[PDB]
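# Topology and contacts: notes
If you want the building blocks of each chain, they are given just below.
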Amino acid sequence: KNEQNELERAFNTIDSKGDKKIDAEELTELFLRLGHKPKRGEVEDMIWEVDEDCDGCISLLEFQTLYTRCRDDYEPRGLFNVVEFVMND
Amino acid sequence: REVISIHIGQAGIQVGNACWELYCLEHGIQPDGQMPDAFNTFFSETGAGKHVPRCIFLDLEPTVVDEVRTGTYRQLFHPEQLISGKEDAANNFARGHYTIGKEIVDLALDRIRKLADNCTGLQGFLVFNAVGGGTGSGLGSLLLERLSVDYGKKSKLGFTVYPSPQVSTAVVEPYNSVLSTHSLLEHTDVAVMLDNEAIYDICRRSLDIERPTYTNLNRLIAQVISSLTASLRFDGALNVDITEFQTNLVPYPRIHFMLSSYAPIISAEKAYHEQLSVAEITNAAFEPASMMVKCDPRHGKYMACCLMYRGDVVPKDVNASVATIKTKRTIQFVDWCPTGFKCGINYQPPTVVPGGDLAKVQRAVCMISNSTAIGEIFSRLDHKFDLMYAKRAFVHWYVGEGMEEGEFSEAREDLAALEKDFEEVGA
Amino acid sequence: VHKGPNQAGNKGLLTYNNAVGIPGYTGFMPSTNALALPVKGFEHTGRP
Amino acid sequence: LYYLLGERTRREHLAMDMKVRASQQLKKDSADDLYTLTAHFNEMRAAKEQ
Amino acid sequence: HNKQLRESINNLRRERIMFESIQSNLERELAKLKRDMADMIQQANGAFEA
Amino acid sequence: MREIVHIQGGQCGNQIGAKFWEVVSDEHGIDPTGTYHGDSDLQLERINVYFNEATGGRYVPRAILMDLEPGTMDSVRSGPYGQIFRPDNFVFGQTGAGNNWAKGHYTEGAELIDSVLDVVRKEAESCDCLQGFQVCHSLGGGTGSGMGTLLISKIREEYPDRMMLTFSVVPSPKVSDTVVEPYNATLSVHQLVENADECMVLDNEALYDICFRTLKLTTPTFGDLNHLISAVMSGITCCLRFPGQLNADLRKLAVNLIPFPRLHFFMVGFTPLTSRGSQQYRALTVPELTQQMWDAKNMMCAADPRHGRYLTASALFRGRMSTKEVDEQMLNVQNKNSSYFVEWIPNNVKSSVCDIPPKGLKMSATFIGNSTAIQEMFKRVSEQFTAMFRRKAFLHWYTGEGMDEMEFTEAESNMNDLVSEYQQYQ
Amino acid sequence: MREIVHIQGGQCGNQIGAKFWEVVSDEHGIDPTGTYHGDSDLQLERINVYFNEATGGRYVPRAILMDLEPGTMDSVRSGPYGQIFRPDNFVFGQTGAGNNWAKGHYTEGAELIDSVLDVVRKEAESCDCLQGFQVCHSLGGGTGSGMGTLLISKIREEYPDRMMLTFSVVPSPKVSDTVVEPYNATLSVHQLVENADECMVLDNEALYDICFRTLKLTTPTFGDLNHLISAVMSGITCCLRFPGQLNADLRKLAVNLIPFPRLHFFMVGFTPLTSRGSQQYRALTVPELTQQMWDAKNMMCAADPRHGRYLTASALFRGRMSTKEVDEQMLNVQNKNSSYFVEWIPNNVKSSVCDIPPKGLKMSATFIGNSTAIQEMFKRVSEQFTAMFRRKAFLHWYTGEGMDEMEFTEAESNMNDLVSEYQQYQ
Ligand SMILES: Nc1nc2c(ncn2[C@@H]2O[C@H](COP(=O)(O)OP(=O)(O)OP(=O)(O)O)[C@@H](O)[C@H]2O)c(=O)[nH]1
Ligand SMILES: Nc1nc2c(ncn2[C@@H]2O[C@H](COP(=O)(O)OP(=O)(O)O)[C@@H](O)[C@H]2O)c(=O)[nH]1
Ligand SMILES: Nc1nc2c(ncn2[C@@H]2O[C@H](COP(=O)(O)OP(=O)(O)O)[C@@H](O)[C@H]2O)c(=O)[nH]1
Ligand SMILES: [Mg+2]
């Protein structure tokens, strides 16, 4: 939980409209803040391989199960690595 | 009780070329047109020893039509019906709706007028067309428009052929499809989608024919239509007419798009193979490997299902079968309807066509349901429509014909409204 | 008590069997040696 | 990577299926016990009436 | 090949959706039945005390 | 003398009536050509209740077929005993309603009901003293329910003093034909509770279960189901057609079984019903018939009577029997299962005996029970009605024809107050 | 009047019962088609004990066949006197237990016993005054032992005041067909010591020895063994069906034989049993019968009574005999071999005479002795049970099905106190 308070704060600061939904487009602005240019078809893949239950959007519960799964040990860590970067800094 | 069938476009009259071959064989009519009362719903008895179909082929290019004129069905298909234009619409919805429609639709509907006046107990119309083409989409919509303003209250059964997602013969199919639905929505009462790739997989898998042409496709399309109207053409233990789909399958005035399927689509050696009964065909009617549209009904929730049964079936086992289906949980229904079935039983078994690849079976099932996978289909077409429209590709052909971007945009948002309607009802 | 389901032996009007028994017999009798009921006092339905 | 992802999601889906089947079994059990309990209550009704 | 595998995975996930939905519905019905069970128990107790 | 006219609506009504007139003509001994060929004189005095002498032993039934599609009429004339009806009694539409109650009650009715009213009137004053009317129809179809229902309303308005029987099948989710079953059944029942005097509820699910368990048939076609319903209908009307040691007319049964004006939905049974393999291994005694009669799996509704109480009950026997045995059997059934009966009415069982058995049997019975288990059926239907109506499915094919929404709310409220007062009297 | 309901379970029970109903129908002179063809009136007046007339002289047995594999039913219907059973009494499963006591008592019992209880409930209410039940079953198999045991328990808790006979064959090491014979016998005996009123122990070993020595048969198939067991059962109930100088009904025989509520395992015999070659050199007198009755080699159980003591004994004679000769013979056989009889009970022999011999004999007898040597048979079985239970062979098949181990401990403890109290009274 002591990591998880800041995890959910990182989640809403990544979000802009404040809801459960984050789009690849908000991810593009997050990439602009990171500074490196993403590929043409990379950010859709990064959101698709992790968005599991719902579709198009990503959800808070989905983010949560993704996080505890990627904490554990040949696994896609597409969005996991980038949020971990937000967690680190 | 009579029903007339009009055929629009190059694909429509090929379908009719197989359908009426099936009809005359089913009622024992030689292709010259005479027998060596059940026929009365399709054929009018002129003079003595002659029957003439209640149909009109119409198309803009004369090649396919006069091939019908010179084929084996010269005497059966009568001269006035086969309406043929002088030049094609050329896959151009505007060319088939605004330039050449204005000359051909009046001649067509004036023929339909005298056909309806010949008829007495008209149940409704049924049209055959593919929306990917120009003539099928354009003047098909124009015709349906004038038929609606003329009669309106009579049922209109539209068996359309939509373009397949990955298999495609033309390029502007998205433009012509969307512009067809913009009128198909508010004109047709009961409209059944039939894709091509699904029939390819069916013929590949079950019929095990490696190299199929359009002939085998149209052969089993006729099987489906004939199995749908068999309740009118012949008496059964539990008959169901053309007005029942209007009632039992369409829960809303704008949600009328039906997935159809057929079973058992089986080869000759495999009829020898398997022991056939009602339970397995009632099952096989629900697998996506036997549906007529390349879409996944497991992704969707059924709204209402209709089951045509032909051959030797009692109500006992079909009722037991739908009981097993309703208690199965591989497929689910909407919470809006507990009783999502409409059965029908007719005594006469499906007939065979010499040269056809189906075996003569004791009993067969034609399923026609309503789901939300269709709502997925329209989105799939809408996506590739907007991809081409974003670059204004091929638009200058329609504009040069005389149209504008307004109907493009309004048809786009009309499909978007249809998408929203499906997503709301499926919940 | 004496009347029961599923047995058509002892359904005659008389409790005993008149053929081979005295009243109070309580021995089994077949349906063939068992009396028949009277329907009504007059016996026919005809108008000549 | 996608191959392994498919291998994982198949197992998860099969687990969901078996949970559904167990739910059906529990449905049957619950129905039977409800029928027996209603029978018992009707018996007690007859007893208290007598 | 990647797109083929991706489509297969998408199909599997979309079926998992249907499975969890029917699981939820069955759980609602099972809760209603266990409520009926408890009610029958209470009715039997009442008749017995009477 | 005492007169019963027959009115058949819809496809099920016509096929049921076909079997009904086959078995009645068989009882009175008239051949399928329309002439008398019987042996006993007992059949002659009471054919005036169901026939009219035309010319030289030509007895035409007092029946009126009514539907909207010629397929059913052709199937009537196809089978035997189809050549005996009066062709003028084949009053008949041309378009067809097709599972649309609004079509059967508002549009096609306006041009068919005046004609059927003409012929049913002419057939009513053709006889002297009416006993009542007898209507066989469905509650799922369109031309049967809607048209028959309006006919009931018109008739009860013209001849309010005569009795009325309605043999109506109801749909069940387990044997479900169509999709608009609740939208049809709820509205028809809503009209029957103020128009019909009493209704004999049927359903195909219980009939299929009967032919499976007791009859042990292999292929239960519609012919046998209609065969069972016909035997039931002949059983309830046998009292008028034949003398007996205790005669019970239609109004007599009504006043014996109906304690309150809205409590008039009966469930029916029939005895004896035995499999053919066990047909000769069985016995024929009044206890034997009573055991099969009071069995819960012999009712012709999908309503377990042991889940409720019988308000009243009636049994009409046919054959040479001893009324002492009849009455003590009723007393034993009422004394043993005393919990399943109502308390504040003693001697809940009306009985009757007629001395003519059906053809081929020595002794038969007909059970008619007005129980309170029927509220399970109507809750089972009304809950489906609410499930569809709460999100307005299929509503527009009705609202687009003349009906409005408050009619559906009216049928809901009437269905709800009926089942609540059944639950009250339980 | 007095009534006996017959119940057959398992393959052993069904085939024994098949020959039983053959023999009984022969004695009452009813042909296999189900009609009467006898000559005297003495045969008619006591067939309500065993049959019910269906319609017009069609007598159907009052029996219930119960099993789980249709092959036994086919073998029953195939042979003669097969078409007489009522097809409704063929209550019957579909899966098959197969030598699994837990299958016969927990798995298939739970869904078969309700139906067979309804059938036997209808068969018992079909008669007026129950004398008792008669259950033929085995102890080695599963569908006979475990199922019949559960049926006995259900019946005893429902009709507690009525008699009950059960003929049970028991396993032996010398004739050892199945492998879990001790695991089935121990649990079944543990339940028959508490539920059944009295049973007659039978075994195939002694039967084979009888057919080899006395009958001198070449091929003693199962038909002849069932013929012997049938003759014994007919000898038991001759007293209810035919009058005699001294009646001895079933309850009368129970109270004359059972000194303590747990001492009801009887070894049975039958006389005369002579080869057709030696029937010419023999005589027909009561001493000739008695000196074959009390022969050790004529018992139908593998428990030589000269290894123990007799508690009580009974003889049922059939034929026109002299009761002085009967009683002087029982007195002489009690005075000669006085040591083999119990000491503190005078006149350890009950006797009875019936005036109707079996068809084909001038004078017959039936010995039913309640000895103490049956502790040898139960010891012989319990030691095999412990031998397996010492390290839990075959145990998982039962424990995995719902049963636990303390049932086995309960069974062997009850078996042990049973054998010890037999040894006590010795
Ligand atoms: N299933 C099936 N589809 C057909 C057949 N013939 C044509 N089509 C479909 O028709 C579409 C193109 O339209 P066409 O029927 O060829 O011609 P059209 O619809 O009249 O349009 P124009 O070519 O401009 O006249 C293609 O995508 C085909 O899929 C056929 O015989 N069977
Ligand atoms: N018992 C019986 N029921 C029938 C028969 N035909 C139809 N039904 C029932 O009637 C319902 C359909 O009624 P329908 O005949 O279509 O009524 P209509 O369309 O108004 O004439 C179905 O649920 C069937 O179960 C029949 O021949 N016998
Ligand atoms: N006397 C006799 N004994 C039999 C017959 N058939 C089987 N048995 C005995 O039954 C024992 C096996 O029990 P089984 O019949 O299989 O019982 P079940 O499986 O529960 O029906 C064997 O030891 C056989 O000796 C028969 O026809 N006659
Ligand atoms: Mg073309």
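You'll find the structure just up there.
Here is what the cut-offs are and how they apply
- Residues numbered from 1 in each chain as written, not as in the entry; some residues may be left out.
- Chains lettered and ligands numbered in written order.
- Part of a larger assembly, values for the part shown.
- Heavy atoms only, no water.
- Helix = DSSP H or I, 4+ residues; strand = E, 2+ residues; numbered from the N terminus.
- Rg over C-alpha atoms; globule rule 2.2 N^0.38 Å.
- Buried < 20%, exposed > 50% of the residue type's maximum accessible area, 1.4 Å probe, protein only.
- Areas by Shrake-Rupley, 256 points an atom, 1.4 Å probe, with all protein chains shown as cover.
- Near = heavy atom within 4 Å.
- Polar contact = N/O pair within 3.5 Å; in protein donor to acceptor, adjacent residues only side chain to side chain.
- Nonpolar A, V, L, I, M, F, W, Y, C, P; charged D, E, K, R; others polar.
- Contact = heavy atoms within 4.5 Å.
- Buried area = accessible area lost by both parts, 1.4 Å probe.
- Salt bridge = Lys/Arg side-chain N within 4 Å of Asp/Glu carboxyl O.
- Pairing = 2+ DSSP bridges.
- Right-handed = clockwise from strand over helix to strand, strands pointing away.
- 1 Å grid on protein atoms, 1.4 Å probe; cavity = no way out; pocket = protein on both sides within 12 Å on 5 of 7 lines; lining within 4 Å.
- Points joined across faces, edges and corners; volume = space filled by probe spheres on them.

Before going further, it helps to examine the overall build of chain A. Counting secondary structure elements, chain A contains five helices and zero strands. For chain A, the N- to C-terminal ordering of α and β elements is α-α-α-α-α. Against the compact-globule benchmark of 12 Å for 89 residues, chain A has a radius of gyration of 12 Å, which places it among compact chains. Principal-axis analysis of the C-alpha atoms gives chain A an extent of 35 × 25 × 25 Å. The burial tally for chain A puts 37% of its 89 residues in the buried class. Of the accessible surface of chain A, which amounts to about 5800 Å², a share of 53% is contributed by carbon and sulfur atoms.

The next thing to look at is the site of ligand 1. All names here are of chain B. The environment of ligand 1 is formed by 19 residues, the closest being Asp88, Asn91, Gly134, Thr135 and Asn196. Contact distances for ligand 1 include 3.0 Å between an oxygen atom and a backbone N or O atom of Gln10. Residue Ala90 places a main-chain N or O atom 3.3 Å away from an oxygen atom belonging to ligand 1. Elements represented by at least two residues in the shell around ligand 1 include exactly α1 (9-26) and α8 (214-233). When residues of the shell around ligand 1 are assigned to their parent elements, the largest contribution, four residues, is made by α1. Residue classes in the shell around ligand 1 are distributed as four nonpolar, eleven polar and four charged.

Glancing now at the interface of chain C and chain F. In this complex, chain C contributes twelve residues to the contact, which on the side of chain F involves 15 residues. Carbon and sulfur atoms make up 58% of the area that chain C and chain F hide from each other, which totals about 1100 Å². Three residues stand out in chain C for area buried against chain F, namely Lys3, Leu37 and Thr45 of chain C, and they jointly supply 42% of the buried area on that side. Run the count over chain C and chain F and you get zero salt bridges. Between the two partners, chain C and chain F, sit one residue pair in polar contact. Across the side of chain C that touches chain F, the residue classes tally to five nonpolar, four polar and three charged.

This part takes up the site of ligand 3. Residues and elements named next belong to chain G. Around ligand 3, the surrounding shell holds 14 residues, and the nearest of these are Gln11, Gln15, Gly144, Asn204 and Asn226. In this structure, an oxygen atom belonging to ligand 3 sits 2.5 Å away from a main-chain N or O atom of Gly144. Separating a nitrogen atom of ligand 3 from a side-chain N or O atom of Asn226 is a distance of 2.9 Å. Where the shell around ligand 3 is concerned, the elements lending two or more residues are α1 (10-28) and α8 (222-236). With four residues, the top contributor of residues to the shell around ligand 3 is α1. Looking at the shell around ligand 3 residue by residue, the classes come out as two nonpolar, eleven polar and one charged.

In the case of a regular strand, side chains alternate between the two sheet surfaces. Residues and elements named next belong to chain F. Judged by how many residues are buried, strand β9 (residues 310-318) sits mostly within the fold: nine of nine residues are covered. Pairing of β9 with strand β10 (residues 349-354) involves six bridges; the strand directions are parallel. Note on β10: the bridge partner recorded for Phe317 is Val353. Where the polypeptide runs from β9 across helix α12 (residues 323-336) and back to β10, its parallel neighbour, the crossover connection is right-handed.

Moving on to empty space enclosed by the protein. Within this model, the largest cavity holds a volume of roughly 1000 Å³. The greatest single-element share of the lining of the largest cavity, amounting to five residues, is contributed by helix α1 (residues 10-28) of chain F. One number sums up the size of the second largest cavity: a volume of about 250 Å³. Forming the walls of the second largest cavity are 21 residues, and the residues nearest its centre are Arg219, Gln223, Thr351, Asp357 and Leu358 of chain B. Those elements that place two or more of their residues in the lining of the second largest cavity are α1 and α8 of chain B. By residue number, the principal contributor to the lining of the second largest cavity is α8 of chain B, which donates five residues.

Turning to the environment of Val5 of chain G, a few remarks are in order. The topology assignment puts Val5 of chain G in strand β1 (residues 2-9). Filtering out sequence-adjacent residues up to four positions away, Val5 of chain G remains in contact with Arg62, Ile64, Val120, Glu123, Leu130, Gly132, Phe133 and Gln134 of chain G.

Taken as a whole and assessed by the stated rule, the structure comprises 58 salt bridges over all chains. With a closest N to O distance of 2.6 Å, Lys17 of chain A and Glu26 of chain A form a salt bridge. Since its relative accessible area comes to 49%, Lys17 of chain A is described here as partly exposed. The exposure class of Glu26 of chain A is buried, given its relative accessible area of 4%. In this structure, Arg219 of chain B engages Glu21 of chain B in a salt bridge whose closest nitrogen and oxygen atoms are separated by 3.5 Å. A single salt-bridge network, built from bridges that share partners, covers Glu52 and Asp55 of chain A together with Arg13 of chain E.

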